[PDB]
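Data first, discussion second: the structure below is written as structure tokens.
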Amino acid sequence: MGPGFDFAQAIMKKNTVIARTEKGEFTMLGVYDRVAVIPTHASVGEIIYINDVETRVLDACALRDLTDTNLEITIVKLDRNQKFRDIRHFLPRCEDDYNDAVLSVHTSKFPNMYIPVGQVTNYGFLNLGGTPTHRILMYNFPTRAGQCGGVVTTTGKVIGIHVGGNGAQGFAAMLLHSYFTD
């Protein structure tokens, strides 16, 4: 409908796949080469389905900060025959608050879904499903089961992936440029 939805759509059309694990279907953001991200609660194993194709997992790393606190991001390298467009230059370098964000989801259940979530707070600590979690972003939208792995963007920035909600608020794990240096 406007420039926020335009940037979100451009990311969804080239940099997402549908990932299936034993714990469900997730929106999965591809970042560069064969490297993608997914919430750690997806429990990635040795094999994953990517757009309903059986795919070997070459590496999976559940990120934690240097306090050894959960970040809820898993970085996955896929045994896929095709690279993602490199979008690392759209990742923030530092922890920050944002205005006018969009949460975008693409699954069997929720295809071509875009949600204007508004203002995003650098919330920090969250007890997420019983697990102490850092670098959480918060937005005042009643997000639901099926939106985990959804991409959070502003115009020109890919800032996080949706990891949970409390019925009134939604929560994303930050994406930082430093996670994807090579």
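Within each chain, counting starts at residue 1; across the structure tokens, chains are named A, B, ... in the order shown, with ligands numbered 1 upward in that order.
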Q: Output as a PyMOL selection string all residues of region 1-164 of chain A that backbone DSSP marks as helix (DSSP H, G or I).
A: chain A and resi 3-15+40-42+88-90
Q.
Need to verify the contact set: region 125-127 of chain A, 12 Å, only C-alpha atoms, exclusion of same-chain residues closer than 2 positions in sequence. Can you return it as a PyMOL selection string?
A. chain A and resi 65+69-72+121-123+129-138+163-166+170-174
Q. Could you state the separation of CA of residue 49 (chain A) and CA of residue 176 (chain A) in Å, given to one decimal place?
A. 25.8 Å
Residues of chain A in strand (DSSP E or B) according to DSSP, as a tab-separated table (two decimals) with N, CA and C atoms, in the first residue's frame?
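File produced: result20.tsv:
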chain	number	residue	atom	x	y	z
A	16	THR	N	12.91	-15.28	0.96
A	16	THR	CA	12.23	-16.20	1.91
A	16	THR	C	11.98	-17.54	1.25
A	17	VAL	N	11.92	-18.56	2.11
A	17	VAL	CA	11.50	-19.92	1.73
A	17	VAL	C	10.57	-20.38	2.83
A	18	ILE	N	9.81	-21.41	2.54
A	18	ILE	CA	8.98	-22.08	3.59
A	18	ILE	C	9.82	-23.23	4.15
A	19	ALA	N	10.16	-23.15	5.43
A	19	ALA	CA	10.92	-24.21	6.12
A	19	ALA	C	9.95	-25.07	6.92
A	20	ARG	N	10.09	-26.39	6.83
A	20	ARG	CA	9.30	-27.32	7.68
A	20	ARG	C	10.27	-28.17	8.50
A	21	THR	N	10.05	-28.18	9.81
A	21	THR	CA	10.72	-29.10	10.76
A	21	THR	C	9.62	-29.98	11.39
A	24	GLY	N	6.89	-27.73	13.02
A	24	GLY	CA	5.96	-26.94	12.19
A	24	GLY	C	6.54	-26.32	10.91
A	25	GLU	N	5.72	-25.53	10.23
A	25	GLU	CA	6.10	-24.68	9.08
A	25	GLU	C	6.46	-23.29	9.58
A	26	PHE	N	7.56	-22.73	9.08
A	26	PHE	CA	8.07	-21.40	9.47
A	26	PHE	C	8.43	-20.61	8.22
A	27	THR	N	8.17	-19.31	8.27
A	27	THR	CA	8.84	-18.34	7.37
A	27	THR	C	10.32	-18.43	7.69
A	28	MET	N	11.16	-18.49	6.66
A	28	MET	CA	12.64	-18.58	6.85
A	28	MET	C	13.27	-17.54	5.92
A	29	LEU	N	14.02	-16.64	6.53
A	29	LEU	CA	14.76	-15.57	5.81
A	29	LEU	C	16.12	-16.09	5.34
A	30	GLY	N	16.34	-16.05	4.03
A	30	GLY	CA	17.69	-16.26	3.45
A	30	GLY	C	18.48	-14.97	3.45
A	31	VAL	N	19.75	-15.01	3.89
A	31	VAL	CA	20.54	-13.77	4.11
A	31	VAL	C	21.62	-13.61	3.04
A	32	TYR	N	22.34	-14.68	2.69
A	32	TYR	CA	23.38	-14.62	1.63
A	32	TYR	C	23.80	-16.06	1.37
A	33	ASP	N	24.36	-16.32	0.18
A	33	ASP	CA	24.87	-17.66	-0.21
A	33	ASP	C	23.79	-18.69	0.15
A	35	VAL	N	22.92	-19.44	3.36
A	35	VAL	CA	22.78	-19.16	4.82
A	35	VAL	C	21.41	-18.50	5.06
A	36	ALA	N	20.64	-19.08	5.97
A	36	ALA	CA	19.31	-18.56	6.34
A	36	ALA	C	19.18	-18.53	7.87
A	37	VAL	N	18.09	-17.95	8.35
A	37	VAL	CA	17.78	-17.91	9.81
A	37	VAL	C	16.38	-18.42	10.07
A	38	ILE	N	16.18	-18.90	11.29
A	38	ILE	CA	14.87	-19.44	11.75
A	38	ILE	C	14.86	-19.33	13.26
A	39	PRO	N	13.69	-19.22	13.93
A	39	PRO	CA	13.71	-19.26	15.40
A	39	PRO	C	14.27	-20.58	15.92
A	47	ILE	N	18.18	-32.82	8.69
A	47	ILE	CA	17.32	-32.71	7.47
A	47	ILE	C	16.19	-31.70	7.77
A	48	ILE	N	15.87	-30.88	6.78
A	48	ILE	CA	14.76	-29.89	6.84
A	48	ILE	C	14.05	-29.88	5.47
A	49	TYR	N	12.77	-29.53	5.41
A	49	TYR	CA	12.07	-29.36	4.12
A	49	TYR	C	12.10	-27.87	3.78
A	50	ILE	N	12.51	-27.53	2.55
A	50	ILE	CA	12.60	-26.14	2.04
A	50	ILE	C	11.68	-26.07	0.82
A	53	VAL	N	10.90	-29.59	-0.39
A	53	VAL	CA	12.06	-30.36	-0.93
A	53	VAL	C	12.94	-30.80	0.25
A	54	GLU	N	13.19	-32.10	0.37
A	54	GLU	CA	14.10	-32.66	1.40
A	54	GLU	C	15.50	-32.10	1.20
A	55	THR	N	16.05	-31.45	2.22
A	55	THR	CA	17.32	-30.68	2.14
A	55	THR	C	18.22	-31.03	3.34
A	56	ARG	N	19.45	-31.39	3.05
A	56	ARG	CA	20.44	-31.62	4.11
A	56	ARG	C	20.83	-30.30	4.74
A	57	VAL	N	20.95	-30.32	6.06
A	57	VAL	CA	21.47	-29.16	6.83
A	57	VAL	C	23.00	-29.33	6.94
A	58	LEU	N	23.76	-28.39	6.37
A	58	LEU	CA	25.24	-28.48	6.38
A	58	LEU	C	25.77	-27.99	7.72
A	59	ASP	N	25.09	-27.04	8.36
A	59	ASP	CA	25.48	-26.50	9.68
A	59	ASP	C	24.27	-25.82	10.31
A	60	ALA	N	24.14	-25.86	11.63
A	60	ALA	CA	23.08	-25.12	12.34
A	60	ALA	C	23.67	-24.63	13.66
A	61	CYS	N	23.56	-23.34	13.93
A	61	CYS	CA	24.16	-22.76	15.16
A	61	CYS	C	23.10	-21.91	15.87
A	62	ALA	N	22.70	-22.36	17.05
A	62	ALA	CA	21.78	-21.62	17.92
A	62	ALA	C	22.56	-20.52	18.63
A	63	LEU	N	22.32	-19.27	18.29
A	63	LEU	CA	23.15	-18.15	18.80
A	63	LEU	C	22.82	-17.86	20.27
A	64	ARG	N	23.87	-17.50	21.02
A	64	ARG	CA	23.75	-16.99	22.41
A	64	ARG	C	24.65	-15.76	22.52
A	70	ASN	N	20.34	-17.06	25.71
A	70	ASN	CA	19.63	-17.41	24.45
A	70	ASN	C	19.36	-16.12	23.64
A	71	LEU	N	19.61	-16.13	22.31
A	71	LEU	CA	19.11	-15.04	21.42
A	71	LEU	C	17.91	-15.47	20.55
A	72	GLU	N	17.59	-16.76	20.53
A	72	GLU	CA	16.43	-17.35	19.80
A	72	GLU	C	16.63	-17.33	18.29
A	73	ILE	N	17.85	-17.05	17.81
A	73	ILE	CA	18.15	-17.12	16.35
A	73	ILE	C	18.97	-18.39	16.14
A	74	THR	N	18.57	-19.21	15.18
A	74	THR	CA	19.46	-20.26	14.64
A	74	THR	C	19.88	-19.91	13.21
A	75	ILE	N	21.17	-19.97	12.93
A	75	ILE	CA	21.73	-19.74	11.59
A	75	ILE	C	21.89	-21.10	10.97
A	76	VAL	N	21.31	-21.27	9.79
A	76	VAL	CA	21.32	-22.59	9.10
A	76	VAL	C	22.04	-22.44	7.77
A	77	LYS	N	22.98	-23.34	7.47
A	77	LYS	CA	23.51	-23.44	6.10
A	77	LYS	C	22.86	-24.63	5.42
A	78	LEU	N	22.22	-24.39	4.28
A	78	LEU	CA	21.39	-25.39	3.55
A	78	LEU	C	22.18	-26.01	2.40
A	84	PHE	N	20.90	-17.33	-2.18
A	84	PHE	CA	20.04	-16.16	-1.90
A	84	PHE	C	20.73	-14.92	-2.41
A	98	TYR	N	12.82	1.49	16.50
A	98	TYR	CA	12.40	1.78	15.11
A	98	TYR	C	10.98	2.34	15.08
A	99	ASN	N	10.69	3.15	14.06
A	99	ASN	CA	9.28	3.51	13.77
A	99	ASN	C	8.79	2.74	12.53
A	100	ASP	N	7.48	2.47	12.52
A	100	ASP	CA	6.69	2.13	11.32
A	100	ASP	C	7.26	0.86	10.69
A	101	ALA	N	7.25	-0.23	11.45
A	101	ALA	CA	7.71	-1.55	10.96
A	101	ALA	C	6.56	-2.38	10.38
A	102	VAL	N	6.92	-3.33	9.52
A	102	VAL	CA	6.02	-4.33	8.88
A	102	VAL	C	6.56	-5.69	9.28
A	103	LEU	N	5.64	-6.57	9.67
A	103	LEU	CA	5.88	-8.01	9.88
A	103	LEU	C	5.30	-8.77	8.70
A	104	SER	N	6.13	-9.51	7.95
A	104	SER	CA	5.69	-10.24	6.74
A	104	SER	C	5.90	-11.75	6.90
A	105	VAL	N	4.88	-12.54	6.55
A	105	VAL	CA	4.81	-14.01	6.74
A	105	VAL	C	4.46	-14.65	5.42
A	113	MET	N	1.14	-12.57	3.55
A	113	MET	CA	0.63	-11.83	4.72
A	113	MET	C	1.57	-10.70	5.11
A	114	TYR	N	1.06	-9.47	5.27
A	114	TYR	CA	1.82	-8.28	5.67
A	114	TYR	C	1.05	-7.57	6.78
A	115	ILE	N	1.70	-7.22	7.88
A	115	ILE	CA	1.05	-6.58	9.06
A	115	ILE	C	1.81	-5.32	9.40
A	116	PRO	N	1.16	-4.13	9.37
A	116	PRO	CA	1.80	-2.92	9.87
A	116	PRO	C	1.75	-2.92	11.41
A	117	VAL	N	2.88	-3.13	12.06
A	117	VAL	CA	2.93	-3.32	13.54
A	117	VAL	C	3.22	-2.00	14.25
A	118	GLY	N	3.68	-0.97	13.55
A	118	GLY	CA	3.95	0.36	14.09
A	118	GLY	C	5.29	0.41	14.78
A	119	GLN	N	5.32	1.08	15.92
A	119	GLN	CA	6.56	1.40	16.65
A	119	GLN	C	7.17	0.14	17.26
A	120	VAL	N	8.48	0.00	17.13
A	120	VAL	CA	9.24	-1.16	17.66
A	120	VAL	C	10.20	-0.69	18.77
A	121	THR	N	10.04	-1.23	19.98
A	121	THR	CA	10.86	-0.92	21.17
A	121	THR	C	12.02	-1.92	21.29
A	122	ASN	N	13.20	-1.41	21.60
A	122	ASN	CA	14.33	-2.24	22.08
A	122	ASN	C	13.97	-2.67	23.50
A	123	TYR	N	13.32	-3.80	23.62
A	123	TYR	CA	12.74	-4.32	24.89
A	123	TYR	C	13.86	-4.91	25.75
A	124	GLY	N	14.75	-5.67	25.11
A	124	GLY	CA	15.91	-6.30	25.76
A	124	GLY	C	15.58	-7.67	26.31
A	125	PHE	N	15.51	-7.79	27.64
A	125	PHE	CA	15.27	-9.10	28.29
A	125	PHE	C	13.79	-9.51	28.17
A	126	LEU	N	13.57	-10.77	27.85
A	126	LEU	CA	12.25	-11.43	27.87
A	126	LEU	C	12.44	-12.86	28.35
A	127	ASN	N	11.54	-13.27	29.25
A	127	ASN	CA	11.34	-14.69	29.60
A	127	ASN	C	10.43	-15.30	28.55
A	128	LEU	N	11.02	-15.89	27.51
A	128	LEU	CA	10.30	-16.36	26.33
A	128	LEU	C	10.01	-17.85	26.48
A	131	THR	N	12.39	-19.39	28.84
A	131	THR	CA	13.84	-19.26	28.55
A	131	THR	C	14.27	-17.81	28.60
A	132	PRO	N	15.19	-17.39	29.49
A	132	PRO	CA	15.73	-16.02	29.49
A	132	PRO	C	16.33	-15.73	28.10
A	133	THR	N	15.92	-14.64	27.51
A	133	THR	CA	16.25	-14.31	26.09
A	133	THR	C	16.66	-12.83	26.06
A	134	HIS	N	17.71	-12.49	25.32
A	134	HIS	CA	18.15	-11.09	25.15
A	134	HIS	C	17.87	-10.57	23.73
A	135	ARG	N	18.12	-9.28	23.54
A	135	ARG	CA	17.99	-8.57	22.22
A	135	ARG	C	16.59	-8.73	21.61
A	136	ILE	N	15.55	-8.64	22.43
A	136	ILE	CA	14.15	-8.74	21.96
A	136	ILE	C	13.64	-7.35	21.58
A	137	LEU	N	12.99	-7.31	20.42
A	137	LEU	CA	12.21	-6.17	19.92
A	137	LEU	C	10.74	-6.41	20.25
A	138	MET	N	10.00	-5.37	20.60
A	138	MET	CA	8.55	-5.55	20.92
A	138	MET	C	7.70	-4.59	20.09
A	139	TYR	N	6.55	-5.08	19.65
A	139	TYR	CA	5.54	-4.28	18.93
A	139	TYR	C	4.16	-4.62	19.47
A	151	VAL	N	9.30	-11.93	8.98
A	151	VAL	CA	10.40	-10.95	8.86
A	151	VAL	C	9.90	-9.59	9.30
A	152	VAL	N	10.66	-8.92	10.15
A	152	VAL	CA	10.36	-7.52	10.59
A	152	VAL	C	11.27	-6.57	9.83
A	153	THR	N	10.67	-5.62	9.09
A	153	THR	CA	11.42	-4.64	8.27
A	153	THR	C	10.94	-3.22	8.57
A	154	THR	N	11.80	-2.28	8.33
A	154	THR	CA	11.40	-0.87	8.06
A	154	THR	C	11.87	-0.59	6.64
A	157	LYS	N	15.58	-1.41	5.98
A	157	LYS	CA	16.24	-2.30	6.98
A	157	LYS	C	15.44	-3.57	7.33
A	158	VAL	N	16.17	-4.68	7.39
A	158	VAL	CA	15.68	-5.99	7.88
A	158	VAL	C	16.16	-6.11	9.32
A	159	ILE	N	15.25	-5.98	10.31
A	159	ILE	CA	15.70	-5.71	11.71
A	159	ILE	C	15.50	-6.93	12.62
A	160	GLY	N	14.69	-7.92	12.26
A	160	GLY	CA	14.42	-9.04	13.19
A	160	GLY	C	13.56	-10.13	12.59
A	161	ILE	N	13.37	-11.21	13.34
A	161	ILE	CA	12.45	-12.31	12.97
A	161	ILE	C	11.55	-12.58	14.19
A	162	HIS	N	10.24	-12.69	13.94
A	162	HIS	CA	9.18	-12.90	14.95
A	162	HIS	C	9.43	-14.22	15.70
A	163	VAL	N	9.41	-14.19	17.04
A	163	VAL	CA	9.71	-15.41	17.84
A	163	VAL	C	8.62	-15.66	18.90
A	164	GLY	N	7.68	-14.75	19.13
A	164	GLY	CA	6.58	-15.06	20.08
A	164	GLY	C	5.67	-13.90	20.37
A	165	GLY	N	4.75	-14.09	21.32
A	165	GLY	CA	3.76	-13.05	21.64
A	165	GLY	C	3.08	-13.38	22.94
A	170	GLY	N	3.76	-8.57	20.37
A	170	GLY	CA	4.60	-9.51	19.60
A	170	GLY	C	6.06	-9.20	19.87
A	171	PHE	N	6.90	-10.20	19.73
A	171	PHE	CA	8.33	-10.14	20.07
A	171	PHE	C	9.16	-10.72	18.91
A	172	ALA	N	10.23	-9.98	18.55
A	172	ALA	CA	11.17	-10.43	17.50
A	172	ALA	C	12.58	-10.50	18.09
A	173	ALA	N	13.38	-11.43	17.62
A	173	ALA	CA	14.84	-11.45	17.87
A	173	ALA	C	15.53	-10.53	16.88
A	174	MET	N	16.43	-9.70	17.38
A	174	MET	CA	17.22	-8.78	16.51
A	174	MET	C	18.01	-9.58	15.50
Q: Find the residue from A:179, A:93, A:11, A:107 that sits nearest to residue 145 (chain A); use only C-alpha atoms when measuring.
A: A:107
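CA of residue 46 (chain A) is positioned 10.6 Å from CA of residue 79 (chain A).
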